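Okay, so here's the structure we're looking at.
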Amino acid sequence: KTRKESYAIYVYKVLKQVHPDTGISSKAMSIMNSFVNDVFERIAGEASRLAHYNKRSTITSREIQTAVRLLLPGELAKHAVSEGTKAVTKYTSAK
Amino acid sequence: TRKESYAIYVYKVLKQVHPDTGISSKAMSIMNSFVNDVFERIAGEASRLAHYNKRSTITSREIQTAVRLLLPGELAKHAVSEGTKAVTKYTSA
Amino acid sequence: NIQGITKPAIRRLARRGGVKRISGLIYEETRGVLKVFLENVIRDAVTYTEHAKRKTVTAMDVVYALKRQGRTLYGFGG
Amino acid sequence: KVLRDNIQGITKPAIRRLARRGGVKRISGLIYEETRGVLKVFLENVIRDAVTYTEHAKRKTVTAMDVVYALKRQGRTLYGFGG
Amino acid sequence: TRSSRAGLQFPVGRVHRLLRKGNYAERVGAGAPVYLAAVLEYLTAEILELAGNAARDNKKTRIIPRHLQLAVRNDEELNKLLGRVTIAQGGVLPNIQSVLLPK
Amino acid sequence: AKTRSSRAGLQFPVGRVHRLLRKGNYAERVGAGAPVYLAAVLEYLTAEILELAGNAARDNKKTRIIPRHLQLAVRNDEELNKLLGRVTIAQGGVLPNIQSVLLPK
Amino acid sequence: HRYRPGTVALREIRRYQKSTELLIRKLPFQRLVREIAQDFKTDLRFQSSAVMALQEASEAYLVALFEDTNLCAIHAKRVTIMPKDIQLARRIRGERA
Amino acid sequence: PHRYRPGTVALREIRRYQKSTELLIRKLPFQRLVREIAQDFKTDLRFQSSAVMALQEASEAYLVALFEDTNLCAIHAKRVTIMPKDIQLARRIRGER
DNA sequence: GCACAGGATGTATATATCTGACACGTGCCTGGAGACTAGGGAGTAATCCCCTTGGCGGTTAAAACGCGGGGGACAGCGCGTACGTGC
DNA sequence: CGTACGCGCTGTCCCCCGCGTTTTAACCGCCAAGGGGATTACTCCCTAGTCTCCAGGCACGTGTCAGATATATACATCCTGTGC
Ligand SMILES: [Cl-]
Ligand SMILES: [Cl-]
C-alpha cells in the first residue's frame, strides 16, 4: 500500500508553534500541502533561471534568497530573508 | 567573443520562402528572440511531463505532447506532423 | 446536458458573485462561457491522460491543466 | 546631481500620442495624472525586478538583459533586445 | 538531523533531495535546502497564524479551508502572493457594492 | 551526410538544439528524437511566420522585413497572435483599428 | 405579505458569501463533464476527485467572473448584469478576443 | 480663416500614430524618470542605453494596450471620452494593483 | 433647409539624392561529429486488488412554472461646461 | 474661444423579482462485477561519458544598393460662404 509523502506532520508542528490549542481538517491539510509544493516550485524555479542567467551551475542559499525577493511582496519577503539568513547561520554554527 | 544566434537558419528558411527578401538587424533580433521563447516554452513543458510521470528522460514523445498543450490547433497539427516526419526521416538515415 | 446547468444554479453563483439583478440572456451566455472553460481545461487534462497512457483521467491531470492555464487549484494533491 | 519631479517629463502631448495609437480620441483632463500614476507603478515594478537581477549579477550597471528577464517575470515578455 | 541544527521544524533533508531530483541545476549547495525549508516554514506559519485567528473569530477549534481563504484574502500581502490560486471550499469574502444596497 | 540536420532534412541545427536541452536541466537524460522533433517544430514556426511577414513586407513595397512586418504578420493571424498573446515586439506598433462610435455620421 | 423586489436578492447574496458549499448540483455537472471529454477521447473514466477538482475550479472562476461582470454593469450606471458586460469583462481579461 | 471641427484632428492623429511604430514619449525625459525610480531603490546604478530603450519599449506597449482597454470602458458607459474611472475599471479587471 | 462649388487644409505622391546598413567573401577556431563502452532506464510481460461504474428505488429538496405588478432599462431632451483646436 | 459631449431629468414600457403550487430528477443508501491501474522482476536498448578529429559557424572586414531624407507636386475634403 504505497508510501505517499507530504508535509502534513510539519505543518502540524508549526501549527502548535503558533496556535497550541488549535486543530486542522484533512481538507485544509491538503490546501496547506498544496500551498507548500506550489511555493517550493516557484522559488526553486526562479532560482533555477537565476543560475542559468548567470552562467553558473549551482543553486546556493544566495540564489534561493534573491528568488525569494522576486517572488515575495515587500513585507513577506523581508521576514522571509530574516528566517532564511537566520536558520542558515544557525545551521553553519552546529556540525 | 562568440555570440551564437539562429541568424543563419532564419536566413536559410527566409530564402527558401521569400528569396528576394532581406531582414533588418532589429527584425533578425526579434526573430532570434521568438525562437528562444518557443524553445523554452516547449522544453519546459516537456520537462514537466517527464517529471509528472516519474520519468528521467525527455524523448520526442514528450516534445510532441508538449506541443499539443502549447500551440493552437492548425499550428499544433501541422507542427506535430512536420516534427514526427523529420524523426522518421532521421531514424532511417 | 448543458441545459443541465440550471437557471437557479447560475443564479446562486451570481449571488455569491455579488450580483443583484440578472437579465434573461445571461443564463445562456454563462453556459457558452462555462463550456469554453471546461473544454480548454479538459482538453489539457485529457492530453495529460493520453500521455500517461491511461483510460482514467486523474485529479492530477486536472490540477496540472489548471496550472497550465493559470487557474491553480489547491486541495487535490498540489 | 539630485533628481526630482521627473514623472512630469511625461508631458501631456505624449500621454496623448500614446492614447491615439490606443484608439482614444476624447481625453478627460483628469486622465494625464492617473496615467503618470500608472506608469510609475509600472516602472517601479519592472525596475525593482530588473535591479534585483543586477544586484544578483553583482553589478553596478543594469543591462538590457536584466530588464528583459524582469518583463518576462511580470508576464510582459519582450522581443528585440536579447533573450 | 539538520532541522534541529537550524532550529527548523521543516524537513531540511526532504528539501535537499527535492532540489537535486527536480532538475533545477547540476549541483546544489548546502545552505539552500536550509534557507528554503526556512522560508517555507516561515510562510506556512503566517498562514496558520491568521487562519487560526480566523477560526477563533469564527468560533471553532479546527481550521477548515474557509479559515484559510479568509486569512488569505483579508491579508493584503498574502492575497497578492496567491493572486492566481483558487482554494477549494474557500467561498468568497462578503462584499456588496454600495449602489446595490437599499435606500 | 554528416550533419544530423541533413539526416533529418532540416535547416535547423539539431546539434545545437541537443546541447541546449542538456545544458538546461529539463531532465537527466535526453532522447535523440526530441532534439530532431523540436528543431523541426522551431523551423515550421519560423517559416510559418517569415511567410506572413514577407507578405506584409510586400504590400508595404519593401525588400526587407522590419518588425512592423512581423507585428502585422502576428496580430493578423488569429492563431500566431495567440501563441504570442502576451508578447511585445520592439518597434511593432499596433493594428489600425478605430472604434465605430468615434467615426463621424 | 410581500417583500419588495430586490430584498431577498440582497439577503441571498449574504447567505452565499457566508457559505462555501458548491452551487451546481453534482450530477448534471458531472454529466456535462463526461460529455465534453468524450469529444476529446472515447471510453474514459474519471476519478471522483477529478470531477470535484473541475467543479471547484469552474465555480470559483464563474463567481470571480460575475464579480467583474457586475462591476461593468455598475460602470454603466446599471444594476442588472447583461451579456454585454461579460463580453467586456472577458475581453479585458484577455480570455475572449 | 479656417477651423477643423472638434474631433476631426483626433481621428486624423489616431490614424497617424496607428501607421507608425516610433516611440511616443520623448527620449530624454523618459530616461531621467527611470534613473530617478531606480536610484530610490539602489543608489549608484548605471544603464546600458539599450536597457532604458527596452523599458520604454515595454512601457509604451503597456500604456497603449491600456488606453485600448480604457477606451472600451468609456464606450461601455455610452461615453466617448476616457476618464480616470475607466482606466480604474480596466486595471481592476486586468487584476492589476 | 440643404447641398454643392469656393478655397486651403493635410495627405498623398513623384522625384532624385545621399547615406549607411545589409549582405558577402575570407579566414580562423570551437562545438559537433565520429566511434566506443558501460550501466541503468524503461519497456514488457506477469499478478493483483482497488476504484469505478452501474443499476436500483424512497423520501425529499430542488426545479419548474406561472402570475402579477413594480422599478429599472432605455430613449428623448436639454443645460452647462470641459476639452479640442489654433496661435 | 465655442462646440458638442458629459450628465441630470424625465417619462414610459416590460423585463425581472417575489411568491404560491405543480413537476422532475438529485440524492443516499446498498450491493455487485470487472476494468484498469498499481506493483514486481528481467533484459536489453539507448544515452551519458569520454577522445580525437575538422568544418560549421563566427567575427572580421569591405563593397553597394534599399531605404531615409529633402523638396517639389498631384489628390483629397472638409467646412465656411453665398444664393435660391
Ligand atoms: Cl549553499
Ligand atoms: Cl527521442
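Please note that chains go A, B, ... in the order of the C-alpha cells, that every chain numbers its residues from 1, and that ligands are numbered from 1 in the order shown.
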Practice item. Collect all residues with atoms no farther than 9 Å from ligand 1, counting only C-alpha atoms (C1' of nucleotides) and all ligand atoms, and output them as JSON, numbers by chain. Key: {"A": [58, 59, 60, 61, 62, 63, 64], "E": [28, 29, 30, 31, 32, 33, 34, 35]}
Residues up to 10 Å from ligand 2, counting only C-alpha atoms (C1' of nucleotides) and all ligand atoms: could you list those as a CSV table (one decimal) with N, CA and C atoms (P, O5', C5', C4', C3', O3' and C1' of nucleotides), in the first residue's frame?
```csv
chain,number,residue,atom,x,y,z
B,57,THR,N,13.8,11.2,-18.5
B,57,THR,CA,14.2,11.4,-19.9
B,57,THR,C,13.2,12.1,-20.8
B,58,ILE,N,13.6,13.1,-21.5
B,58,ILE,CA,12.8,13.8,-22.4
B,58,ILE,C,13.0,13.2,-23.8
B,59,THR,N,12.1,12.4,-24.3
B,59,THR,CA,12.1,11.9,-25.7
B,59,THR,C,11.1,12.6,-26.5
B,60,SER,N,11.2,12.5,-27.8
B,60,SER,CA,10.2,13.2,-28.7
B,60,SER,C,8.7,13.0,-28.4
B,61,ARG,N,8.4,11.9,-27.7
B,61,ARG,CA,7.0,11.7,-27.3
B,61,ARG,C,6.6,12.9,-26.4
B,62,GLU,N,7.5,13.3,-25.4
B,62,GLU,CA,7.3,14.5,-24.6
B,62,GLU,C,7.2,15.8,-25.4
B,63,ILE,N,8.3,16.0,-26.2
B,63,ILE,CA,8.3,17.2,-27.1
B,63,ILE,C,7.0,17.3,-27.9
B,87,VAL,N,11.7,12.9,-37.7
B,87,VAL,CA,12.2,11.9,-36.8
B,87,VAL,C,12.3,10.6,-37.5
F,30,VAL,N,18.3,13.0,-22.2
F,30,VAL,CA,17.6,13.4,-23.4
F,30,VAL,C,17.6,12.3,-24.4
F,31,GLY,N,16.4,12.0,-25.0
F,31,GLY,CA,16.3,11.2,-26.2
F,31,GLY,C,17.0,11.7,-27.3
F,32,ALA,N,17.0,11.0,-28.5
F,32,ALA,CA,17.7,11.5,-29.7
F,32,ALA,C,16.7,12.0,-30.7
F,33,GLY,N,15.4,11.7,-30.5
F,33,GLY,CA,14.4,12.1,-31.4
F,33,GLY,C,13.8,13.5,-31.0
F,34,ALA,N,13.9,13.8,-29.7
F,34,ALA,CA,13.4,15.0,-29.1
F,34,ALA,C,14.1,16.3,-29.7
F,35,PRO,N,15.5,16.3,-29.8
F,35,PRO,CA,16.1,17.5,-30.5
F,35,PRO,C,15.5,17.6,-31.9
F,36,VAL,N,15.5,16.5,-32.6
F,36,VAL,CA,15.1,16.5,-34.0
F,36,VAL,C,13.7,17.1,-34.2
F,37,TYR,N,12.8,16.5,-33.5
F,37,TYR,CA,11.4,16.9,-33.4
F,37,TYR,C,11.4,18.4,-33.1
J,46,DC,P,16.9,1.6,-29.1
J,46,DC,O5',16.6,2.8,-28.1
J,46,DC,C5',16.5,2.6,-26.7
J,46,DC,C4',17.3,3.6,-25.9
J,46,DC,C3',17.9,4.8,-26.7
J,46,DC,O3',17.8,5.9,-25.8
J,46,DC,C1',19.6,3.7,-25.5
```
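Running DSSP on the backbone gives strand (DSSP E) for these residues within chain G: residues 45, 46, 80 and 81 of chain G.
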Just the selected residues (N, CA, C and O atoms), exported as a PDB file, in the first residue's frame, please.
```pdb
ATOM      1  N   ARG G  45     -12.576   7.164 -18.086  1.00  0.00           N
ATOM      2  CA  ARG G  45     -13.050   7.141 -16.708  1.00  0.00           C
ATOM      3  C   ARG G  45     -12.524   8.344 -15.928  1.00  0.00           C
ATOM      4  O   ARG G  45     -11.415   8.820 -16.172  1.00  0.00           O
ATOM      5  N   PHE G  46     -13.317   8.832 -14.985  1.00  0.00           N
ATOM      6  CA  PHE G  46     -12.911   9.969 -14.175  1.00  0.00           C
ATOM      7  C   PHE G  46     -12.805   9.592 -12.718  1.00  0.00           C
ATOM      8  O   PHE G  46     -13.679   8.902 -12.196  1.00  0.00           O
ATOM      9  N   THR G  80     -28.353  45.689 -13.281  1.00  0.00           N
ATOM     10  CA  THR G  80     -28.606  44.384 -13.849  1.00  0.00           C
ATOM     11  C   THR G  80     -27.414  44.006 -14.715  1.00  0.00           C
ATOM     12  O   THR G  80     -27.017  44.777 -15.580  1.00  0.00           O
ATOM     13  N   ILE G  81     -26.841  42.828 -14.485  1.00  0.00           N
ATOM     14  CA  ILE G  81     -25.797  42.327 -15.377  1.00  0.00           C
ATOM     15  C   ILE G  81     -26.401  41.823 -16.687  1.00  0.00           C
ATOM     16  O   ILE G  81     -27.523  41.296 -16.714  1.00  0.00           O
TER      17      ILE G  81
END
```
**Study point:** chain I residues near chain H (8 Å cut-off, only C-alpha atoms (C1' of nucleotides)) as an NGL selection string
**Key:** :I and (84-86)
Residues as selected, N, CA, C and O atoms (P, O5', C5', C4', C3', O3' and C1' of nucleotides), written as a short mmCIF file (atom, residue, chain, number, x, y, z; two decimals), in the first residue's frame, can you do that?
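Contents of part_12.cif, as written:
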```cif
data_model
loop_
_atom_site.label_atom_id
_atom_site.label_comp_id
_atom_site.auth_asym_id
_atom_site.auth_seq_id
_atom_site.Cartn_x
_atom_site.Cartn_y
_atom_site.Cartn_z
P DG I 84 -9.80 66.69 -25.69
"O5'" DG I 84 -10.01 67.31 -27.14
"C5'" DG I 84 -11.26 67.21 -27.81
"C4'" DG I 84 -11.25 68.17 -28.99
"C3'" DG I 84 -9.99 68.16 -29.84
"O3'" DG I 84 -10.32 68.38 -31.21
"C1'" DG I 84 -10.24 70.29 -28.83
P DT I 85 -9.24 68.20 -32.37
"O5'" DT I 85 -8.90 69.69 -32.83
"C5'" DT I 85 -9.96 70.58 -33.10
"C4'" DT I 85 -9.49 72.02 -33.12
"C3'" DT I 85 -8.12 72.27 -33.75
"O3'" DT I 85 -8.31 73.14 -34.87
"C1'" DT I 85 -8.36 73.44 -31.65
P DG I 86 -7.26 73.31 -36.07
"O5'" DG I 86 -6.59 74.72 -35.81
"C5'" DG I 86 -7.36 75.91 -35.80
"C4'" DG I 86 -6.59 76.95 -35.03
"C3'" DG I 86 -5.13 77.09 -35.45
"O3'" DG I 86 -4.97 78.37 -36.07
"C1'" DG I 86 -5.38 77.07 -33.07
#
```
Practice item. Pull out every residue of chain H that has at least one atom within 6 Å of chain F, counting only C-alpha atoms, and report them as JSON, numbers by chain. Key: {"H": [18, 21, 57]}
Dump as a short mmCIF file (atom, residue, chain, number, x, y, z; two decimals), in the first residue's frame, selection limited to N, CA, C and O atoms:
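Contents of again_27.cif, freshly written:
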```cif
data_model
loop_
_atom_site.label_atom_id
_atom_site.label_comp_id
_atom_site.auth_asym_id
_atom_site.auth_seq_id
_atom_site.Cartn_x
_atom_site.Cartn_y
_atom_site.Cartn_z
N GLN H 18 -1.30 55.21 -35.48
CA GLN H 18 -1.52 53.79 -35.78
C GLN H 18 -0.78 53.26 -37.06
O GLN H 18 -0.61 52.06 -37.24
N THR H 21 5.43 53.34 -35.70
CA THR H 21 5.98 52.46 -34.67
C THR H 21 6.98 53.17 -33.73
O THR H 21 7.31 52.65 -32.64
N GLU H 57 10.25 50.68 -24.64
CA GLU H 57 9.50 49.76 -25.49
C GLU H 57 8.43 49.06 -24.66
O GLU H 57 7.26 49.03 -25.02
#
```
Find the residues near stretch 26-41 of chain G: any atom within 7 Å, counting only C-alpha atoms (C1' of nucleotides), skip ones fewer than 3 places away on the same chain, and give them as a PDB file with N, CA, C and O atoms, in the first residue's frame.
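Generated file (around-v6.pdb):
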```
ATOM      1  N   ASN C   1     -28.257  18.246 -21.486  1.00  0.00           N
ATOM      2  CA  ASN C   1     -26.886  18.192 -20.885  1.00  0.00           C
ATOM      3  C   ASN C   1     -26.349  19.539 -20.386  1.00  0.00           C
ATOM      4  O   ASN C   1     -26.287  19.771 -19.175  1.00  0.00           O
ATOM      5  N   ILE C   2     -25.954  20.411 -21.317  1.00  0.00           N
ATOM      6  CA  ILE C   2     -25.519  21.759 -20.963  1.00  0.00           C
ATOM      7  C   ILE C   2     -26.658  22.448 -20.217  1.00  0.00           C
ATOM      8  O   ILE C   2     -26.455  22.998 -19.141  1.00  0.00           O
ATOM      9  N   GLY C   4     -28.478  21.323 -18.426  1.00  0.00           N
ATOM     10  CA  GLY C   4     -28.457  20.741 -17.080  1.00  0.00           C
ATOM     11  C   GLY C   4     -27.902  21.707 -16.045  1.00  0.00           C
ATOM     12  O   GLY C   4     -28.134  21.549 -14.846  1.00  0.00           O
ATOM     13  N   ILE C   5     -27.147  22.699 -16.523  1.00  0.00           N
ATOM     14  CA  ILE C   5     -26.709  23.823 -15.706  1.00  0.00           C
ATOM     15  C   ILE C   5     -27.928  24.732 -15.538  1.00  0.00           C
ATOM     16  O   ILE C   5     -28.211  25.592 -16.380  1.00  0.00           O
ATOM     17  N   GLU C  39     -13.934  22.911 -21.630  1.00  0.00           N
ATOM     18  CA  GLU C  39     -13.278  22.403 -22.809  1.00  0.00           C
ATOM     19  C   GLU C  39     -11.781  22.581 -22.663  1.00  0.00           C
ATOM     20  O   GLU C  39     -11.052  21.584 -22.591  1.00  0.00           O
ATOM     21  N   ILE C  42     -10.302  20.583 -19.824  1.00  0.00           N
ATOM     22  CA  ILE C  42     -10.393  19.147 -20.092  1.00  0.00           C
ATOM     23  C   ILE C  42      -9.555  18.710 -21.301  1.00  0.00           C
ATOM     24  O   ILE C  42      -9.012  17.608 -21.314  1.00  0.00           O
ATOM     25  N   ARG C  43      -9.423  19.576 -22.297  1.00  0.00           N
ATOM     26  CA  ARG C  43      -8.531  19.291 -23.416  1.00  0.00           C
ATOM     27  C   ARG C  43      -7.113  19.060 -22.909  1.00  0.00           C
ATOM     28  O   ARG C  43      -6.493  18.043 -23.221  1.00  0.00           O
TER      29      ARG C  43
ATOM     30  N   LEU G  44     -13.574   6.641 -21.522  1.00  0.00           N
ATOM     31  CA  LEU G  44     -12.764   7.289 -20.483  1.00  0.00           C
ATOM     32  C   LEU G  44     -13.409   7.188 -19.119  1.00  0.00           C
ATOM     33  O   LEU G  44     -14.631   7.142 -19.007  1.00  0.00           O
ATOM     34  N   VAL G  51     -13.407  15.072 -10.779  1.00  0.00           N
ATOM     35  CA  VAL G  51     -14.625  15.807 -11.106  1.00  0.00           C
ATOM     36  C   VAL G  51     -14.827  16.967 -10.127  1.00  0.00           C
ATOM     37  O   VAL G  51     -15.155  18.094 -10.546  1.00  0.00           O
TER      38      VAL G  51
END
```
As a short mmCIF file (atom, residue, chain, number, x, y, z; two decimals) with N, CA, C and O atoms, in the first residue's frame, could you give me every residue of chain C near chain A (at most 8 Å apart, counting only C-alpha atoms)?
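The resulting file, iface_5.cif, is shown below:
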```cif
data_model
loop_
_atom_site.label_atom_id
_atom_site.label_comp_id
_atom_site.auth_asym_id
_atom_site.auth_seq_id
_atom_site.Cartn_x
_atom_site.Cartn_y
_atom_site.Cartn_z
N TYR C 74 -5.88 24.36 -5.17
CA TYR C 74 -5.29 23.72 -4.01
C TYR C 74 -6.27 22.74 -3.40
O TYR C 74 -7.47 23.05 -3.28
N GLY C 75 -5.77 21.57 -3.02
CA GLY C 75 -6.59 20.63 -2.28
C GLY C 75 -6.89 19.34 -3.00
O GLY C 75 -7.83 18.64 -2.65
N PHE C 76 -6.08 19.02 -4.01
CA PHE C 76 -6.23 17.77 -4.73
C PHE C 76 -4.86 17.19 -5.06
O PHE C 76 -4.66 16.53 -6.07
N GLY C 77 -3.91 17.42 -4.15
CA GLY C 77 -2.54 16.99 -4.35
C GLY C 77 -1.77 18.04 -5.12
O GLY C 77 -1.39 17.81 -6.25
N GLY C 78 -1.56 19.21 -4.52
CA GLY C 78 -0.73 20.26 -5.14
C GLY C 78 0.66 19.71 -5.44
O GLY C 78 1.02 19.48 -6.59
#
```
**Study point:** Within 8 Å of chain H: residues of chain G, using only C-alpha atoms, as a list in words
**Key:** residues 68, 71, 72, 75, 76, 77, 88, 89, 92 and 93 of chain G
Exercise for review: Specify as a VMD selection string all residues of chain I found within 12 Å of chain A, counting only C-alpha atoms (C1' of nucleotides).
Suggested key: chain I and resid 48 to 50
Review point. Contacts of stretch 15-20 of chain B at 8 Å or less, counting only C-alpha atoms (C1' of nucleotides), minus same-chain residues fewer than 3 places along, as a ChimeraX atom specification?
Key: /B:11-12 /F:47,50-51,54,63
Could you save the residues just selected, with N, CA, C and O atoms, as a PDB file, in the first residue's frame?
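Final file, again14.pdb:
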```pdb
ATOM      1  N   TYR B  11      17.868  32.970 -41.865  1.00  0.00           N
ATOM      2  CA  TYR B  11      18.110  33.387 -43.247  1.00  0.00           C
ATOM      3  C   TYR B  11      17.737  32.242 -44.201  1.00  0.00           C
ATOM      4  O   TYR B  11      16.883  32.400 -45.088  1.00  0.00           O
ATOM      5  N   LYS B  12      18.375  31.094 -44.000  1.00  0.00           N
ATOM      6  CA  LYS B  12      18.134  29.941 -44.830  1.00  0.00           C
ATOM      7  C   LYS B  12      16.653  29.828 -45.120  1.00  0.00           C
ATOM      8  O   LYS B  12      16.248  30.013 -46.275  1.00  0.00           O
TER       9      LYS B  12
ATOM     10  N   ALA F  47       9.305  29.522 -40.259  1.00  0.00           N
ATOM     11  CA  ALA F  47       8.772  29.512 -41.624  1.00  0.00           C
ATOM     12  C   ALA F  47       7.369  30.083 -41.706  1.00  0.00           C
ATOM     13  O   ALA F  47       7.134  31.069 -42.409  1.00  0.00           O
ATOM     14  N   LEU F  50       7.828  33.943 -40.972  1.00  0.00           N
ATOM     15  CA  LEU F  50       8.527  34.593 -42.078  1.00  0.00           C
ATOM     16  C   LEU F  50       7.664  34.700 -43.342  1.00  0.00           C
ATOM     17  O   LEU F  50       7.721  35.715 -44.044  1.00  0.00           O
ATOM     18  N   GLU F  51       6.855  33.665 -43.609  1.00  0.00           N
ATOM     19  CA  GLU F  51       5.934  33.649 -44.747  1.00  0.00           C
ATOM     20  C   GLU F  51       5.047  34.872 -44.695  1.00  0.00           C
ATOM     21  O   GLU F  51       5.107  35.719 -45.578  1.00  0.00           O
ATOM     22  N   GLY F  54       6.960  38.478 -44.818  1.00  0.00           N
ATOM     23  CA  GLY F  54       7.268  38.768 -46.238  1.00  0.00           C
ATOM     24  C   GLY F  54       6.102  39.295 -47.049  1.00  0.00           C
ATOM     25  O   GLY F  54       6.238  40.231 -47.860  1.00  0.00           O
ATOM     26  N   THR F  63      11.589  45.296 -49.718  1.00  0.00           N
ATOM     27  CA  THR F  63      12.571  44.228 -49.861  1.00  0.00           C
ATOM     28  C   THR F  63      12.919  43.570 -48.534  1.00  0.00           C
ATOM     29  O   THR F  63      13.346  42.414 -48.494  1.00  0.00           O
TER      30      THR F  63
END
```
Exercise for review: Hey, list the chain E side of the contact with chain G: 10 Å cut-off, only C-alpha atoms, answer as a list in words.
Suggested key: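 Only these qualify: residues 65, 66, 85, 86, 87, 88, 89, 90, 91, 92, 93, 94, 95, 96, 97, 99, 100, 101 and 102 of chain E.
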